[PDB]
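Structure first, commentary second.
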Amino acid sequence: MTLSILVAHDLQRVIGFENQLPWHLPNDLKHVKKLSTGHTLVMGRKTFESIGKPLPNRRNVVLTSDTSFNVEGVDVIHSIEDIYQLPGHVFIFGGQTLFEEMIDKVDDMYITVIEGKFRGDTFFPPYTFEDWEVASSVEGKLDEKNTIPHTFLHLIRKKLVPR
Ligand SMILES: NC(=O)c1ccc[n+]([C@@H]2O[C@H](COP(=O)([O-])OP(=O)(O)OC[C@H]3O[C@@H](n4cnc5c(N)ncnc54)[C@H](OP(=O)(O)O)[C@@H]3O)[C@@H](O)[C@H]2O)c1
């Protein structure tokens with residue numbers, strides 16, 4: 001069951017400020033929608049509270065220690081271990097804590113690199129391309145509504161081989 005990270009981060013790996021995306025970029029929300037519709041998003045509780053409602057047309061799974069959590073349209077899990085039981089293509093959708101927890105465990109990552117420097121208070125963990133093969137790299141198209149340069153990366157973990 002393919003396990004992927006799904007994230008947008010800026011040139012300094014910022015992913016959030018005051019529990020919201022620091023950028024306004026409609027084409028990347030379209031990207032997220034295209035990739036995850038019909039599949040599963042796993043997210044930590046703050047990320048979920050940030051969006052406020054489940055994203056439509058896909059399974060929303062929320063990781064929390066709160067056994068009181070029960071939101072309509074949302075499935076709850078209480079540990080990381082539960083992620084590996086989830087059927088199908090599972091995307092780790094945030095936030096900083098969950099990415100830190102999962103970056104060493106996922107098969108691959110769909111990263112939108114936001115090609116600017118924003119003020120942030122939450123970050124994606126450092127990673128090196130030494131470890132990740134660029135399966136694809138696609139420059140986002142800019143327009144009136146989408147004015148920050150950005151790049152769609154699909155990265156796949158490199159195998160460790162002798163020599
Ligand atoms: N740029 C992007 O693509 C993107 C995408 C999504 C989110 N974000 C940003 O990320 C930020 C939030 O990140 P964050 O790290 O502060 O919060 P987070 O990871 O979204 O939520 C953390 C919460 O998840 C629960 N949790 C995490 N690990 C757990 C475990 N092993 N077992 C049980 N529960 C666990 C805990 O909830 P309880 O405290 O309820 O137990 C924890 O407080 C927001 O600013 C958001 O905008 C960015």
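Identifiers in this document derive from the order of the structure tokens: chains are assigned A, B, ..., residues are numbered from 1 separately in each chain, and ligands are numbered from 1 in order of occurrence.
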
**OP:** Write out as a PyMOL selection string all residues of segment 43-116 of chain A that DSSP puts in strand (DSSP E or B) for this structure's backbone.
**Re:** chain A and resi 43-44+59-63+74-77+90-94+108-114

Print the selection's residues with N, CA and C atoms to a file, as a compact mmCIF listing (two decimals), in the first residue's frame.
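File out.txt, as written:
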```
# COMPACT_ATOMS: atom_id res chain seq x y z
N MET A 43 -3.32 13.13 8.53
CA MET A 43 -2.80 14.40 9.04
C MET A 43 -2.88 14.46 10.57
N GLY A 44 -2.01 15.26 11.19
CA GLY A 44 -2.08 15.43 12.63
C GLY A 44 -3.20 16.37 13.01
N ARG A 59 -10.67 9.87 1.62
CA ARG A 59 -10.67 9.56 3.05
C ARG A 59 -9.79 10.50 3.83
N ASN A 60 -10.37 11.11 4.85
CA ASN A 60 -9.61 11.96 5.77
C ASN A 60 -9.33 11.19 7.06
N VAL A 61 -8.05 10.96 7.34
CA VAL A 61 -7.65 10.31 8.58
C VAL A 61 -6.87 11.27 9.46
N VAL A 62 -7.29 11.37 10.72
CA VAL A 62 -6.65 12.31 11.64
C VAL A 62 -6.01 11.57 12.81
N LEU A 63 -4.74 11.88 13.04
CA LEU A 63 -3.96 11.27 14.10
C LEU A 63 -4.00 12.19 15.30
N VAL A 74 -14.60 12.18 9.10
CA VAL A 74 -13.20 11.97 9.45
C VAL A 74 -13.04 10.64 10.16
N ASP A 75 -12.05 9.84 9.76
CA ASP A 75 -11.66 8.65 10.54
C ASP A 75 -10.51 8.98 11.48
N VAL A 76 -10.54 8.43 12.69
CA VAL A 76 -9.50 8.73 13.67
C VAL A 76 -8.56 7.57 13.88
N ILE A 77 -7.28 7.88 14.00
CA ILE A 77 -6.28 6.91 14.48
C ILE A 77 -5.52 7.51 15.67
N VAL A 90 -1.84 6.05 0.44
CA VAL A 90 -1.95 6.92 1.59
C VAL A 90 -0.95 8.09 1.50
N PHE A 91 -1.46 9.32 1.57
CA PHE A 91 -0.61 10.51 1.60
C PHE A 91 -0.49 11.09 3.01
N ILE A 92 0.73 11.26 3.50
CA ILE A 92 0.99 12.01 4.73
C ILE A 92 0.92 13.53 4.41
N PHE A 93 -0.06 14.20 4.98
CA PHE A 93 -0.45 15.54 4.53
C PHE A 93 0.01 16.64 5.52
N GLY A 94 0.61 16.25 6.63
CA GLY A 94 1.07 17.27 7.59
C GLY A 94 0.70 16.96 9.02
N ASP A 108 7.85 7.58 -1.08
CA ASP A 108 8.13 8.69 -1.96
C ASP A 108 7.47 9.96 -1.44
N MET A 109 7.77 11.09 -2.09
CA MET A 109 7.26 12.39 -1.67
C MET A 109 6.81 13.19 -2.89
N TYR A 110 5.65 13.84 -2.77
CA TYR A 110 5.23 14.82 -3.76
C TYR A 110 5.41 16.17 -3.11
N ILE A 111 6.44 16.89 -3.55
CA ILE A 111 6.79 18.16 -2.92
C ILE A 111 6.55 19.29 -3.88
N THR A 112 5.79 20.30 -3.48
CA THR A 112 5.79 21.50 -4.29
C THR A 112 6.78 22.46 -3.68
N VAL A 113 7.85 22.78 -4.41
CA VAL A 113 8.78 23.75 -3.89
C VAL A 113 8.28 25.13 -4.22
N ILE A 114 7.97 25.90 -3.20
CA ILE A 114 7.54 27.30 -3.39
C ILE A 114 8.80 28.15 -3.45
```

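The list of residues with at least one atom within 9 Å of segment 116-122 of chain A, based on only C-alpha atoms and without residues fewer than 4 positions apart in the same chain, reads residues 10, 11, 12, 13, 14, 15, 16, 17, 18, 19, 21, 22, 23, 95, 96, 148, 149 and 150 of chain A.
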
Writer output for current selection, N, CA, C and O atoms, as a JSON list (two decimals), in the first residue's frame:
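Output below, filename result14.json:
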```json
[["chain", "number", "residue", "atom", "x", "y", "z"],
["A", 10, "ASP", "N", 8.78, 26.14, 1.19],
["A", 10, "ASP", "CA", 9.42, 27.22, 0.45],
["A", 10, "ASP", "C", 10.94, 26.94, 0.38],
["A", 10, "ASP", "O", 11.37, 25.83, 0.69],
["A", 11, "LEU", "N", 11.74, 27.94, -0.02],
["A", 11, "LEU", "CA", 13.16, 27.73, -0.25],
["A", 11, "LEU", "C", 13.88, 27.38, 1.05],
["A", 11, "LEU", "O", 14.96, 26.83, 1.01],
["A", 12, "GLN", "N", 13.31, 27.74, 2.18],
["A", 12, "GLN", "CA", 13.88, 27.45, 3.47],
["A", 12, "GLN", "C", 13.15, 26.35, 4.25],
["A", 12, "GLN", "O", 13.32, 26.21, 5.41],
["A", 13, "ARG", "N", 12.36, 25.58, 3.54],
["A", 13, "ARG", "CA", 11.53, 24.51, 4.06],
["A", 13, "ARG", "C", 10.35, 24.96, 5.00],
["A", 13, "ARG", "O", 9.85, 24.17, 5.69],
["A", 14, "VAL", "N", 9.96, 26.22, 4.96],
["A", 14, "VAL", "CA", 8.79, 26.67, 5.67],
["A", 14, "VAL", "C", 7.54, 25.96, 5.08],
["A", 14, "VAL", "O", 7.40, 25.87, 3.89],
["A", 15, "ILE", "N", 6.69, 25.46, 5.93],
["A", 15, "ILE", "CA", 5.39, 24.90, 5.46],
["A", 15, "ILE", "C", 4.15, 25.59, 6.06],
["A", 15, "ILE", "O", 3.01, 25.38, 5.60],
["A", 16, "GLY", "N", 4.33, 26.40, 7.09],
["A", 16, "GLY", "CA", 3.19, 27.02, 7.74],
["A", 16, "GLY", "C", 3.54, 28.27, 8.54],
["A", 16, "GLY", "O", 4.69, 28.47, 8.96],
["A", 17, "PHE", "N", 2.55, 29.14, 8.71],
["A", 17, "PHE", "CA", 2.72, 30.26, 9.63],
["A", 17, "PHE", "C", 1.38, 30.46, 10.32],
["A", 17, "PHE", "O", 0.36, 30.56, 9.66],
["A", 18, "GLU", "N", 1.38, 30.50, 11.65],
["A", 18, "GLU", "CA", 0.15, 30.63, 12.42],
["A", 18, "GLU", "C", -0.95, 29.71, 11.93],
["A", 18, "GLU", "O", -2.07, 30.12, 11.73],
["A", 19, "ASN", "N", -0.56, 28.46, 11.70],
["A", 19, "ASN", "CA", -1.47, 27.40, 11.34],
["A", 19, "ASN", "C", -2.14, 27.58, 10.00],
["A", 19, "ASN", "O", -3.19, 27.00, 9.76],
["A", 21, "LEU", "N", -1.23, 28.23, 5.45],
["A", 21, "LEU", "CA", -0.16, 28.25, 4.44],
["A", 21, "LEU", "C", 0.30, 29.69, 4.33],
["A", 21, "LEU", "O", -0.54, 30.59, 4.34],
["A", 22, "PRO", "N", 1.61, 29.93, 4.24],
["A", 22, "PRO", "CA", 2.03, 31.33, 4.13],
["A", 22, "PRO", "C", 1.73, 31.94, 2.78],
["A", 22, "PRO", "O", 1.72, 33.17, 2.67],
["A", 23, "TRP", "N", 1.54, 31.11, 1.76],
["A", 23, "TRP", "CA", 1.31, 31.59, 0.39],
["A", 23, "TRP", "C", -0.12, 31.42, -0.07],
["A", 23, "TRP", "O", -0.83, 30.50, 0.34],
["A", 95, "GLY", "N", 1.22, 17.73, 9.99],
["A", 95, "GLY", "CA", 2.07, 18.88, 9.73],
["A", 95, "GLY", "C", 3.54, 18.59, 10.03],
["A", 95, "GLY", "O", 4.05, 17.50, 9.75],
["A", 96, "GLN", "N", 4.22, 19.55, 10.64],
["A", 96, "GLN", "CA", 5.64, 19.37, 10.92],
["A", 96, "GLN", "C", 5.92, 18.10, 11.73],
["A", 96, "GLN", "O", 6.84, 17.35, 11.40],
["A", 148, "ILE", "N", 3.58, 33.14, -7.68],
["A", 148, "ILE", "CA", 4.82, 32.74, -7.02],
["A", 148, "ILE", "C", 5.39, 31.57, -7.80],
["A", 148, "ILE", "O", 4.68, 30.62, -8.05],
["A", 149, "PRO", "N", 6.65, 31.65, -8.22],
["A", 149, "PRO", "CA", 7.18, 30.52, -8.96],
["A", 149, "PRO", "C", 7.19, 29.31, -8.09],
["A", 149, "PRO", "O", 7.38, 29.43, -6.87],
["A", 150, "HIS", "N", 6.97, 28.14, -8.69],
["A", 150, "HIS", "CA", 6.89, 26.92, -7.89],
["A", 150, "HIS", "C", 7.21, 25.73, -8.76],
["A", 150, "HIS", "O", 7.02, 25.78, -9.98]]
```

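Coordinates place atom CA of residue 5 of chain A at a distance of 28.9 Å from atom CA of residue 144 of chain A.
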
Residues of chain A classed as alpha helix (DSSP H) by DSSP on the backbone are to be reported as an mmCIF file with N, CA and C atoms, in the first residue's frame.
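To be explicit, this is the file written out as out_31.cif:
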```cif
data_model
loop_
_atom_site.group_PDB
_atom_site.id
_atom_site.type_symbol
_atom_site.label_atom_id
_atom_site.label_comp_id
_atom_site.auth_asym_id
_atom_site.auth_seq_id
_atom_site.Cartn_x
_atom_site.Cartn_y
_atom_site.Cartn_z
ATOM 1 N N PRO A 26 -3.408 29.087 -5.841
ATOM 2 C CA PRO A 26 -4.504 28.183 -6.232
ATOM 3 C C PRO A 26 -4.071 26.955 -7.027
ATOM 4 N N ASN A 27 -3.106 27.076 -7.925
ATOM 5 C CA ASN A 27 -2.734 25.908 -8.713
ATOM 6 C C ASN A 27 -2.170 24.761 -7.840
ATOM 7 N N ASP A 28 -1.597 25.064 -6.677
ATOM 8 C CA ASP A 28 -1.055 23.985 -5.869
ATOM 9 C C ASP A 28 -2.171 23.267 -5.104
ATOM 10 N N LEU A 29 -3.226 23.993 -4.712
ATOM 11 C CA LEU A 29 -4.386 23.323 -4.124
ATOM 12 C C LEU A 29 -5.016 22.425 -5.190
ATOM 13 N N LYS A 30 -5.019 22.858 -6.453
ATOM 14 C CA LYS A 30 -5.488 21.977 -7.534
ATOM 15 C C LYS A 30 -4.627 20.706 -7.669
ATOM 16 N N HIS A 31 -3.314 20.879 -7.591
ATOM 17 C CA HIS A 31 -2.365 19.767 -7.573
ATOM 18 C C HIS A 31 -2.684 18.750 -6.434
ATOM 19 N N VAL A 32 -2.815 19.256 -5.210
ATOM 20 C CA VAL A 32 -3.166 18.423 -4.063
ATOM 21 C C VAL A 32 -4.454 17.638 -4.346
ATOM 22 N N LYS A 33 -5.476 18.351 -4.831
ATOM 23 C CA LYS A 33 -6.766 17.754 -5.218
ATOM 24 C C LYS A 33 -6.634 16.632 -6.259
ATOM 25 N N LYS A 34 -5.883 16.899 -7.315
ATOM 26 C CA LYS A 34 -5.626 15.900 -8.339
ATOM 27 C C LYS A 34 -4.905 14.665 -7.783
ATOM 28 N N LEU A 35 -3.844 14.868 -7.010
ATOM 29 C CA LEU A 35 -3.123 13.733 -6.470
ATOM 30 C C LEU A 35 -3.922 12.903 -5.457
ATOM 31 N N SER A 36 -4.701 13.547 -4.582
ATOM 32 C CA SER A 36 -5.259 12.826 -3.436
ATOM 33 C C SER A 36 -6.728 12.438 -3.560
ATOM 34 N N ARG A 45 -3.512 16.470 14.295
ATOM 35 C CA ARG A 45 -4.708 17.209 14.709
ATOM 36 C C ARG A 45 -4.676 18.717 14.371
ATOM 37 N N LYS A 46 -3.519 19.373 14.509
ATOM 38 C CA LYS A 46 -3.446 20.816 14.231
ATOM 39 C C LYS A 46 -3.668 21.094 12.770
ATOM 40 N N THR A 47 -3.095 20.245 11.921
ATOM 41 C CA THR A 47 -3.302 20.404 10.507
ATOM 42 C C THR A 47 -4.789 20.259 10.243
ATOM 43 N N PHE A 48 -5.431 19.295 10.897
ATOM 44 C CA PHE A 48 -6.832 19.156 10.603
ATOM 45 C C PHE A 48 -7.608 20.400 11.059
ATOM 46 N N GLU A 49 -7.291 20.914 12.227
ATOM 47 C CA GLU A 49 -8.029 22.065 12.745
ATOM 48 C C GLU A 49 -7.779 23.284 11.876
ATOM 49 N N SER A 50 -6.628 23.308 11.215
ATOM 50 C CA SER A 50 -6.315 24.384 10.308
ATOM 51 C C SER A 50 -7.251 24.403 9.119
ATOM 52 N N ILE A 51 -7.531 23.245 8.542
ATOM 53 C CA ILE A 51 -8.442 23.244 7.404
ATOM 54 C C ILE A 51 -9.899 23.303 7.897
ATOM 55 N N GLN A 96 4.218 19.549 10.640
ATOM 56 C CA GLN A 96 5.640 19.375 10.918
ATOM 57 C C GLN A 96 5.922 18.105 11.728
ATOM 58 N N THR A 97 5.134 17.880 12.783
ATOM 59 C CA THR A 97 5.377 16.743 13.665
ATOM 60 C C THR A 97 5.243 15.420 12.897
ATOM 61 N N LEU A 98 4.146 15.261 12.165
ATOM 62 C CA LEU A 98 3.943 14.047 11.411
ATOM 63 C C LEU A 98 5.014 13.875 10.303
ATOM 64 N N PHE A 99 5.388 14.945 9.595
ATOM 65 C CA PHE A 99 6.447 14.803 8.576
ATOM 66 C C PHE A 99 7.729 14.317 9.227
ATOM 67 N N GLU A 100 8.085 14.863 10.394
ATOM 68 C CA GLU A 100 9.308 14.440 11.084
ATOM 69 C C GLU A 100 9.231 12.962 11.447
ATOM 70 N N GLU A 101 8.026 12.543 11.815
ATOM 71 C CA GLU A 101 7.777 11.178 12.210
ATOM 72 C C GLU A 101 7.838 10.236 11.023
ATOM 73 N N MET A 102 7.513 10.715 9.827
ATOM 74 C CA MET A 102 7.292 9.793 8.699
ATOM 75 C C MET A 102 8.305 9.883 7.558
#
```

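Minimum atom-to-atom distances from A:143, A:66, A:107, A:133 to residue 3 of chain A were compared using only C-alpha atoms, and the lowest value belongs to A:107.
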
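For the atom pair formed by atom CA of residue 4 of chain A and atom CA of residue 132 of chain A, the distance is 12.9 Å, given to one decimal.
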
Subject >> Residue among A:84, A:129, A:124, A:69 lying closest to residue 154 of chain A, counting only C-alpha atoms >> reply: A:129

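Counting only C-alpha atoms, residue 134 of chain A has the following residues at most 7 Å away, ignoring those fewer than 4 positions along the same chain: residues 153, 154, 155 and 156 of chain A.
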
Original post:
Expressed in Å to a single decimal, how great is the separation between atom CA of residue 80 of chain A and atom 31 (N, counted along the ligand's line) of ligand 1?
Top reply: 5.0 Å

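Checking A:141, A:157, A:24, A:58 one by one against residue 106 of chain A, counting only C-alpha atoms, you find the shortest gap at A:157.
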